Structure formats: structure tokens, C-alpha cells
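Topology and contacts: notes
The residues making up each chain are set out below.
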Amino acid sequence: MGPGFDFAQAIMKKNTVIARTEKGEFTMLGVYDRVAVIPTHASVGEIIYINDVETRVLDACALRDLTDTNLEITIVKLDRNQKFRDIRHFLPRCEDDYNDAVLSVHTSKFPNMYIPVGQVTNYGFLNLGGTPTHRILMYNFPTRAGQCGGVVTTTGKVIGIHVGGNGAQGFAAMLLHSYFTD
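Residues numbered from 1 in each chain as written, not as in the entry; some residues may be left out. Heavy atoms only, no water.

The deposited coordinates, according to the entry record, derive from X-ray crystallography at 1.40 Å resolution.

**Looking at helix α1 (residues 3–15)**
Taking 1.5 Å of rise per residue, 13 residues should cover 18 Å, and α1 covers 18 Å from first to last C-alpha, within 8% of that figure. Those residues of α1 that sit buried are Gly4, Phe7, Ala8, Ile11, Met12 and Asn15. Buried residues of α1, seen end-on, are gathered within an arc of 130° and therefore sit on one face of the element. What points out from α1, more than 90 degrees from its buried face, is the exposed set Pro3, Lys13 and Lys14. Those residues of α1 that are buried lie in contact with β1 (16–21), β2 (24–32), β7 (98–105), β8 (113–128), β10 (151–154) and β11 (157–165). (Helix = DSSP H or I, 4+ residues; strand = E, 2+ residues; numbered from the N terminus. Expected span 1.5 Å × (residues − 1). Buried < 20%, exposed > 50% of the residue type's maximum accessible area, 1.4 Å probe, protein only. Arc of directions from axis to C-beta. Contact = heavy atoms within 4.5 Å.)

**Focus on the pairing of strand β9 (residues 131–139)**
Judged from the six bridges that link them, β8 and β9 form a sheet pairing that is antiparallel. Following the sheet pairing, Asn127 is matched in β9 by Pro132. Following β8, the chain reverses through two residues before pairing antiparallel with β9; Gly129 in that reversal takes a positive phi of roughly 60°. As defined by bridge partners, β9 adjoins strand β12 (residues 170–174) across four bridges and the pair is classed as antiparallel. (Pairing = 2+ DSSP bridges.)

If you want it as C-alpha cells, here you go:
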């Protein structure tokens, strides 16, 4: 509908796949080469389905901060025959607050879904499903089951992936440039 939705659509059309684990179907953001991200609660194993095709997992790393606190991001390298467009230059370098964000989801249940969530707070600490979690972003939208792994963007920046909600608020794990240096 406007330039926020334009940037979100550009990311969804080229840099997402549908990932399926034994814990469900997730929006999955491809970042560069064969490297993608997914919430850690997806419980990625040795094999994952990517757009309903059986795919070997070459590596999977559940990220934690240097205090050994959960960040809820798993970086996955996929045995896929095709690379993602490199979007690392759209990743923030530091923790921050944002205006006018969009949450975008693409699954069998929610295809081509875009939600204007408004202001995004650097919330920081969250007890997420009983697990102490750091680097959480918060938005005042009543997000639902099926949105996990959804991509949070502003114009020109990919800032996080949706990891949970409390019925009134939604929560995303930060994406930082420093996670994807090679």
C-alpha cells in the first residue's frame, strides 16, 4: 500500500522459503549464500523441508549472547542447489528502536500476509515460554500462532524475526550484521 510494504514485499519475494520441522511450518529468511534463520523453538534437526522438499542441514547454530543467554535465533546452512540474494547490507549494526515497521509472513496457512505493527521498542529481556531471552524487540500488535519466523522490516532495514506474543504484544529477536560475517 506504501513504501514500507514495498520494501517488505521485495524481501518476501526473493529472500523467504517455507521451512517445516517436526514443530511446525515457519517463515524462514534467507540472508546470503545458503544461510538462513529460523526461531530456535523450531528445533531444526539433520533434515528440514524447504518449500516441501527434503533438504539436508549442513550446520545449525542456536545463538546465545556472551552471558550465555538465549537469543532465540538459529542460523541454518542448507544443502540447497541455489543461493539467496545477499541482504546483509540491510541488517542493523546495533540494538535500536524503530518507527513504522511491517511484519510479513508466508506459510501454507498465511500466504502473502503483511501487518503494519507501528513502533518497535528495544525491549531487551523477555521470559519467552519460560526461557530468559535477550535482544527482544516489542510491537503492540496481537500476533497469533503461525506468525513465528515472520520478517520484521522498516524501509531499507531487516531488523528481526517474530518469535512470540502475549495476546496484546508481539516479540521479535533482533537480527544484527555481526551474526553473518564470513
